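In what follows, a single structure is set out as structure tokens and then discussed.
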Amino acid sequence: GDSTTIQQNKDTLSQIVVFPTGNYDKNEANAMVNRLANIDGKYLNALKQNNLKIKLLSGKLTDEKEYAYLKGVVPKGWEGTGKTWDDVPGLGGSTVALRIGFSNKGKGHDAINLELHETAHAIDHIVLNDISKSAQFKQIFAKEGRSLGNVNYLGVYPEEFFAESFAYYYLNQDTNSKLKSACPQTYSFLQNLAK
Ligand SMILES: [Zn+2]
């Protein structure tokens, strides 16, 4: 095809994205925002309507004043390695905060791309009003919820199954074909949300 949808979507992301104060990888930051521009303008416009910002980081999480209490708190599975939220690869909630180079697979998380996955935790719980609670989805989540692995993440919150399957549905065609083959009803659910 062409780049027209991506050019509009990267310009819509400009309106809600926040970069570091200096000393960061500008090609990988802009490539993260391009990988998120490749998703859908309807959800990008809806997060812009909801003023939900994209915080790109290259430093301590505790250097943002909204995470100043988040120094010694220990997240699930990091007690055994002695680690805290201050060094997290990225997170989501009232805002999504994302660490350049650490949102890559295998940097202290098992997700295939944590950028798109934490962004999808925002699309789900802002734009779709947490559709992951809904019993029609839940029948499929109980059927197919772990056929793409990552089971000590996809077994903790329902946004994890949605966002990992959504990342397999957006990131690359080998992951499209793997999700279609492993979670077939889930691809038929996701196409009906996406259309
Ligand atoms: Zn997650």
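By convention in this document, the chains of the structure tokens carry letters A, B, ... by their order, each chain's residues are numbered from 1, and ligands are numbered from 1 in the order they are shown.
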Skip residue 21 of chain A itself and residues of its chain fewer than 4 positions away, then list as a tab-separated table (two decimals) with C-alpha atoms, in the first residue's frame all residues within 12 Å of it, counting only C-alpha atoms.
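Final output, around30.tsv:
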chain	number	residue	atom	x	y	z
A	25	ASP	CA	17.58	7.53	21.20
A	26	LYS	CA	15.54	9.69	18.80
A	55	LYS	CA	5.12	9.36	28.29
A	56	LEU	CA	8.42	8.34	26.62
A	57	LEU	CA	11.23	7.90	29.21
A	58	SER	CA	15.03	7.31	29.11
A	59	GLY	CA	15.64	7.70	32.92
A	63	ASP	CA	12.05	11.35	38.26
A	64	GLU	CA	8.43	11.90	37.06
field: All strand (DSSP E) positions in segment 70-114 of chain A, as a ChimeraX atom specification
entry: /A:90-91,96-99
Go ahead and write the residues just picked, C-alpha atoms, as a CSV table (one decimal), in the first residue's frame.
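Output file out_7.csv follows:
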chain,number,residue,atom,x,y,z
A,90,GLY,CA,6.7,0.6,30.8
A,91,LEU,CA,3.2,0.7,32.4
A,96,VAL,CA,0.9,5.3,29.8
A,97,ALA,CA,4.6,5.6,30.5
A,98,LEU,CA,7.1,3.8,28.2
A,99,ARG,CA,10.9,3.3,28.5
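Shortest atom-to-atom contact with ligand 1 among A:182, A:109, A:128, A:123: A:109, counting only C-alpha atoms and all ligand atoms.
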Residue nearest ligand 1 among A:34, A:23, A:119, A:50 (counting only C-alpha atoms and all ligand atoms):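 Selected residue with least distance to ligand 1: A:119.
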query: So which residues touch residue 108 of chain A within 12 Å, counting only C-alpha atoms, skipping near sequence neighbours fewer than 3 positions away, as a list in words?
result: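 My reading of the contact set: residues 75, 76, 77, 78, 81, 83, 84, 85, 87, 88, 89, 90, 99, 101, 102, 103, 104, 105, 111, 112 and 114 of chain A.
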Counting only C-alpha atoms and all ligand atoms, what are the residues of chain A within 9 Å of ligand 1, and for each of them which pair of atoms is the nearest and at what distance in Å, to one decimal? Sort the table by chain and rising number, as a tab-separated table.
residue	atom	partner	partner_atom_place_in_ligand_line	distance
A:91	CA	ligand 1	1 (Zn)	7.9
A:92	CA	ligand 1	1 (Zn)	8.4
A:111	CA	ligand 1	1 (Zn)	7.6
A:114	CA	ligand 1	1 (Zn)	7.6
A:117	CA	ligand 1	1 (Zn)	6.2
A:118	CA	ligand 1	1 (Zn)	5.9
A:120	CA	ligand 1	1 (Zn)	8.7
A:121	CA	ligand 1	1 (Zn)	6.8
A:153	CA	ligand 1	1 (Zn)	6.7
A:154	CA	ligand 1	1 (Zn)	7.5
A:156	CA	ligand 1	1 (Zn)	8.7
A:157	CA	ligand 1	1 (Zn)	7.4
A:158	CA	ligand 1	1 (Zn)	8.8
A:159	CA	ligand 1	1 (Zn)	6.5
A:160	CA	ligand 1	1 (Zn)	4.5
A:161	CA	ligand 1	1 (Zn)	8.1
A:163	CA	ligand 1	1 (Zn)	7.0
A:164	CA	ligand 1	1 (Zn)	7.7
